[PDB]
Amino acid sequence: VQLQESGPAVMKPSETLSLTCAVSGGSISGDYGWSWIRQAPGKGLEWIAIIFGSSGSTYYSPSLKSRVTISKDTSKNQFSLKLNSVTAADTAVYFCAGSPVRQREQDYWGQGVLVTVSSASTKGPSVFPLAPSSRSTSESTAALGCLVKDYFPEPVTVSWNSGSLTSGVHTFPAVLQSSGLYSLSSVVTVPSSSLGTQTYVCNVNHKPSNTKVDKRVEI
Amino acid sequence: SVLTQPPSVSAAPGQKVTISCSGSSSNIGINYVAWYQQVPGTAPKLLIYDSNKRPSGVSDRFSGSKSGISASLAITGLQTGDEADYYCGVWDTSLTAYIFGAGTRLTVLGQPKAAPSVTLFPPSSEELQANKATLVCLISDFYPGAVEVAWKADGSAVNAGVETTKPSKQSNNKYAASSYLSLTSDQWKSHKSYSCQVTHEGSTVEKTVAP
Amino acid sequence: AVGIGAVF
């Protein structure tokens, strides 16, 4: 049995989250239990609900029951979840899972879909060069960078010199600020002699905003 | 969670580790206990089902059992590749719900300590021309993965405008974090020196930048 | 295994 989730990457608070799981290689109305599970970033697994294929019986997390619907569709061989009145507390990776009722050595999981709940609107980042100081320039190597400030939503990718520069590159995970917007930095350490002879450009791509900036790092 | 498991467990390579899950007669007492291994945010892997059965393909270093209202996962011959989060899962008849434990993070001891490398960047001229100023403190290659970051302006504690990430693990098994001090043009110019102070394993590397 | 109990 294989499972594939689908759902929105980004949602606004108070909306209704709706998820579907396409099931293949077994019958949705066979002797299975079909579950939804979620994991908020950096937190534990949290089971949400189950629907049994044979009976149609459903059961729910006590703390989520008042806001969740779980359903199945035999013609579509799928099952689904609705969670209403979302808040940021519902930001999580949502997994569909399943198990035979009797052959419990089998365990099926989708790969999960990240759902981010935020009031923020899509915004491309401003890119600022992080130039080394000349005290760092007196060392043998120097750190050169680019700040990717105030974007939403994730993700952003950074490369250097169109991917031709890979050694000594470190791109850091983003911070989330009280404003709802992310920032991150990418640094590259290079020989300090190279600083007059080599051009350094960081290529920042934010596909949610259709924004792609190639920032030259001078001095 | 009505199931309690320790938040963390640690042992040396080769040792036997036990992870326990404590519940009630309504869940662990009468229902099937399962144990899952997970890297965070990705699908967990079933290690044990029906409280004491191992699925095909799982190493026989993993075993499980339960007794009364408690259940245990045992890992013999601990390897560094066993570092992961471990969850018990069980049905609760009285809640009519499936419950995961809060998770146990397994650390394999003995890995060599590594001090953080720290890089502090002042605001760019382009950001200052927008009347904003962001100091960027980048912290990498430290182990174990816990750090404390403090900002100082002319020797005094800055506690407005700082945002710091949690540590995250690099490709070389060490850790990385970053901290951001967001100011305006005027504040950045208001001070002699700014300092990023990174405390690790009891000791501190700080960094300074000046307008 | 996931989701499946013995006693309802």
# chains A, B, ... in the order shown; residues from 1 in each chain; ligands from 1
call {"tool": "residues_around", "arguments": {"residues": "residue 1 in chain C", "least_positions_apart": "6", "cutoff": "9 Å", "atoms": "only C-alpha atoms", "output": "ChimeraX atom specification"}}
result
/A:98-108 /B:32-34,46,48-50,89
call {"tool": "residues_around", "arguments": {"residues": "residue 7 in chain C", "least_positions_apart": "4", "cutoff": "10 Å", "atoms": "only C-alpha atoms", "output": "MDAnalysis selection string"}}
result
chainID B and resid 26:27 30:32 91:94 96
call {"tool": "write_last_selection", "arguments": {"atoms": "N, CA and C atoms", "output": "PDB file, in the first residue's frame"}}
result
ATOM      1  N   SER B  26      -5.836   1.173  30.711  1.00  0.00           N
ATOM      2  CA  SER B  26      -6.660   1.374  29.519  1.00  0.00           C
ATOM      3  C   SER B  26      -5.870   1.496  28.214  1.00  0.00           C
ATOM      4  N   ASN B  27      -4.594   1.909  28.246  1.00  0.00           N
ATOM      5  CA  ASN B  27      -3.846   1.853  26.993  1.00  0.00           C
ATOM      6  C   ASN B  27      -2.827   0.723  26.973  1.00  0.00           C
ATOM      7  N   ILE B  30      -3.906  -3.124  28.089  1.00  0.00           N
ATOM      8  CA  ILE B  30      -4.716  -4.069  27.341  1.00  0.00           C
ATOM      9  C   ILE B  30      -4.601  -3.941  25.825  1.00  0.00           C
ATOM     10  N   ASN B  31      -3.750  -3.059  25.295  1.00  0.00           N
ATOM     11  CA  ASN B  31      -3.708  -2.832  23.847  1.00  0.00           C
ATOM     12  C   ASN B  31      -2.310  -3.092  23.279  1.00  0.00           C
ATOM     13  N   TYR B  32      -2.207  -3.090  21.946  1.00  0.00           N
ATOM     14  CA  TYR B  32      -0.932  -3.352  21.275  1.00  0.00           C
ATOM     15  C   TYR B  32      -0.014  -2.140  21.348  1.00  0.00           C
ATOM     16  N   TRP B  91      -3.242   2.312  21.538  1.00  0.00           N
ATOM     17  CA  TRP B  91      -4.648   2.684  21.649  1.00  0.00           C
ATOM     18  C   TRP B  91      -5.017   2.836  23.118  1.00  0.00           C
ATOM     19  N   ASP B  92      -5.807   3.858  23.420  1.00  0.00           N
ATOM     20  CA  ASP B  92      -6.414   4.022  24.736  1.00  0.00           C
ATOM     21  C   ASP B  92      -7.910   3.721  24.636  1.00  0.00           C
ATOM     22  N   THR B  93      -8.319   2.592  25.207  1.00  0.00           N
ATOM     23  CA  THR B  93      -9.711   2.172  25.133  1.00  0.00           C
ATOM     24  C   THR B  93     -10.648   3.191  25.772  1.00  0.00           C
ATOM     25  N   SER B  94     -10.234   3.810  26.881  1.00  0.00           N
ATOM     26  CA  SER B  94     -11.131   4.723  27.583  1.00  0.00           C
ATOM     27  C   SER B  94     -11.238   6.071  26.873  1.00  0.00           C
ATOM     28  N   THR B  96     -10.881   6.231  23.545  1.00  0.00           N
ATOM     29  CA  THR B  96     -11.121   5.820  22.158  1.00  0.00           C
ATOM     30  C   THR B  96     -10.273   6.649  21.192  1.00  0.00           C
TER      31      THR B  96
END
call {"tool": "select_by_dssp", "arguments": {"residues": "range 63-149 of chain B", "states": "helix (DSSP H, G or I)", "output": "list in words"}}
result
residues 80, 81, 82, 125, 126, 127 and 128 of chain B
call {"tool": "write_last_selection", "arguments": {"atoms": "N, CA, C and O atoms", "output": "CSV table (one decimal), in the first residue's frame"}}
result
chain,number,residue,atom,x,y,z
B,80,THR,N,26.2,4.5,16.5
B,80,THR,CA,26.0,6.0,16.3
B,80,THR,C,24.8,6.2,15.3
B,80,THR,O,24.1,7.2,15.5
B,81,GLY,N,24.6,5.3,14.4
B,81,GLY,CA,23.5,5.4,13.5
B,81,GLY,C,22.1,5.2,14.2
B,81,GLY,O,21.1,5.4,13.5
B,82,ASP,N,22.1,4.8,15.4
B,82,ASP,CA,20.8,4.7,16.1
B,82,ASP,C,20.4,6.0,16.7
B,82,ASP,O,19.3,6.0,17.4
B,125,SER,N,26.2,48.7,4.0
B,125,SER,CA,25.9,50.1,3.6
B,125,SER,C,24.5,50.3,3.0
B,125,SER,O,23.8,51.2,3.2
B,126,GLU,N,24.1,49.2,2.2
B,126,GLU,CA,22.8,49.3,1.5
B,126,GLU,C,21.7,49.2,2.5
B,126,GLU,O,20.6,49.9,2.4
B,127,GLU,N,21.8,48.4,3.6
B,127,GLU,CA,20.8,48.4,4.6
B,127,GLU,C,20.7,49.6,5.4
B,127,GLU,O,19.6,50.1,5.8
B,128,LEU,N,21.9,50.2,5.7
B,128,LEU,CA,21.9,51.5,6.5
B,128,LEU,C,21.3,52.6,5.7
B,128,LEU,O,20.6,53.4,6.3
call {"tool": "residues_around", "arguments": {"residues": "residue 29 in chain B", "least_positions_apart": "3", "cutoff": "9 Å", "atoms": "only C-alpha atoms", "output": "NGL selection string"}}
result
:B and (23-26 or 32 or 66-70)
call {"tool": "write_last_selection", "arguments": {"atoms": "N, CA and C atoms", "output": "PDB file, in the first residue's frame"}}
result
ATOM      1  N   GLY B  23       2.039   4.157  31.015  1.00  0.00           N
ATOM      2  CA  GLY B  23       0.677   4.554  30.690  1.00  0.00           C
ATOM      3  C   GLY B  23      -0.334   4.186  31.758  1.00  0.00           C
ATOM      4  N   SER B  24      -1.424   3.529  31.360  1.00  0.00           N
ATOM      5  CA  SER B  24      -2.495   3.122  32.260  1.00  0.00           C
ATOM      6  C   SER B  24      -2.996   1.754  31.825  1.00  0.00           C
ATOM      7  N   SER B  25      -3.884   1.182  32.639  1.00  0.00           N
ATOM      8  CA  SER B  25      -4.473  -0.103  32.300  1.00  0.00           C
ATOM      9  C   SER B  25      -5.324  -0.016  31.038  1.00  0.00           C
ATOM     10  N   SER B  26      -5.836   1.173  30.711  1.00  0.00           N
ATOM     11  CA  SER B  26      -6.660   1.374  29.519  1.00  0.00           C
ATOM     12  C   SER B  26      -5.870   1.496  28.214  1.00  0.00           C
ATOM     13  N   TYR B  32      -2.207  -3.090  21.946  1.00  0.00           N
ATOM     14  CA  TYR B  32      -0.932  -3.352  21.275  1.00  0.00           C
ATOM     15  C   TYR B  32      -0.014  -2.140  21.348  1.00  0.00           C
ATOM     16  N   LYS B  66       6.299  -5.558  27.229  1.00  0.00           N
ATOM     17  CA  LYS B  66       5.489  -4.758  28.134  1.00  0.00           C
ATOM     18  C   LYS B  66       5.129  -5.623  29.330  1.00  0.00           C
ATOM     19  N   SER B  67       4.793  -4.962  30.429  1.00  0.00           N
ATOM     20  CA  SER B  67       4.406  -5.649  31.654  1.00  0.00           C
ATOM     21  C   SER B  67       3.518  -4.699  32.444  1.00  0.00           C
ATOM     22  N   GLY B  68       2.315  -5.131  32.782  1.00  0.00           N
ATOM     23  CA  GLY B  68       1.401  -4.212  33.444  1.00  0.00           C
ATOM     24  C   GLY B  68       1.124  -2.995  32.572  1.00  0.00           C
ATOM     25  N   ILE B  69       1.380  -1.799  33.103  1.00  0.00           N
ATOM     26  CA  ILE B  69       1.036  -0.570  32.394  1.00  0.00           C
ATOM     27  C   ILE B  69       2.262   0.087  31.779  1.00  0.00           C
ATOM     28  N   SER B  70       3.384  -0.630  31.721  1.00  0.00           N
ATOM     29  CA  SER B  70       4.637  -0.096  31.222  1.00  0.00           C
ATOM     30  C   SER B  70       5.153  -0.947  30.068  1.00  0.00           C
TER      31      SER B  70
END
call {"tool": "interface_residues", "arguments": {"of": "chain B", "to": "chain A", "cutoff": "6 Å", "atoms": "only C-alpha atoms", "output": "number ranges by chain"}}
result
B: 43, 55, 97, 102, 165
call {"tool": "atom_distance", "arguments": {"atom1": "CA of residue 21 in chain B", "atom2": "CA of residue 59 in chain B"}}
result
20.9 Å
call {"tool": "select_by_dssp", "arguments": {"residues": "chain B", "states": "strand (DSSP E or B)", "output": "VMD selection string"}}
result
chain B and resid 4 8 to 11 17 to 22 34 to 38 45 to 49 53 62 to 67 70 to 75 85 to 92 97 to 100 104 to 108 114 117 to 121 132 to 143 148 to 153 156 to 158 162 to 164 168 to 169 175 to 184 194 to 200 203 to 209
call {"tool": "atom_distance", "arguments": {"atom1": "CA of residue 157 in chain B", "atom2": "CA of residue 174 in chain B"}}
result
28.5 Å
call {"tool": "atom_distance", "arguments": {"atom1": "CA of residue 211 in chain B", "atom2": "CA of residue 148 in chain B"}}
result
24.9 Å
call {"tool": "closest_residue", "arguments": {"among": "A:90, A:34, A:2, A:21", "to": "chain C", "atoms": "only C-alpha atoms"}}
result
A:34
call {"tool": "residues_around", "arguments": {"residues": "residue 192 in chain B", "least_positions_apart": "6", "cutoff": "10 Å", "atoms": "only C-alpha atoms", "output": "VMD selection string"}}
result
chain B and resid 153 to 155 209 to 211
call {"tool": "closest_atom_pairs", "arguments": {"of": "chain C", "to": "chain A", "cutoff": "9 Å", "atoms": "only C-alpha atoms", "output": "JSON lines"}}
result
{"residue": "C:1", "atom": "CA", "partner": "A:104", "partner_atom": "CA", "distance": 4.3}
{"residue": "C:2", "atom": "CA", "partner": "A:99", "partner_atom": "CA", "distance": 5.9}
{"residue": "C:3", "atom": "CA", "partner": "A:35", "partner_atom": "CA", "distance": 6.4}
{"residue": "C:4", "atom": "CA", "partner": "A:101", "partner_atom": "CA", "distance": 6.3}
{"residue": "C:5", "atom": "CA", "partner": "A:101", "partner_atom": "CA", "distance": 8.5}
